[PDB]
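Notes for the one structure printed next.
Numbering (this note's numbering), first residue to last: 34 to 77.
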């Protein structure tokens with residue numbers, strides 16, 4: 034129940050914790066910034 038709503042577009046990001054979230058809005062809602070655009074490589 035809010036006037037704001039996050040986007041539903043398929044544009045995921047790697048957060049500075051090294052997790053991937055579905056978009057920039059959901060990433061910021063955890064209290065953390067985006068390290069880069071796109072999903073990140075699990076091999077590093």
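Ideal Cβ placement from N, Cα and C applies to all residues, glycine included.
Using three-state DSSP, classify residue 47 as helix, strand or coil. Residue mapping note: residue 47 aligns to position 14 of the chain shown, counting from 1. Strand at residue 47.
Could you check if residue 46 is buried or exposed, using at least 16 other CB atoms within 10 Å of its CB as the buried criterion? Residue numbering aside, residue 46 sits at position 13 when the chain shown is read from its first letter. Per the 10 Å Cβ criterion, buried.
Where does residue 42 fall in DSSP's three states? Locating residue 42 in the chain shown gives position 9, where the first residue counts as 1. Collapsing the DSSP output to three states places residue 42 in coil.
Under a Cβ-count criterion, where at least 16 other Cβ atoms within 10 Å of its own Cβ denotes burial, should residue 48 be classed as buried or exposed? Numbered from 1 along the chain shown, position 15 holds the residue referred to as residue 48. Residue 48 is buried by the Cβ-count criterion.
Cα-Cα separation between residue 60 and residue 41, rounded to whole angstroms: Taking the first residue of the chain shown as 1, we reach residue 60 at position 27. Taking the first residue of the chain shown as 1, we reach residue 41 at position 8. The straight-line gap from Cα to Cα measures roughly 13 Å.
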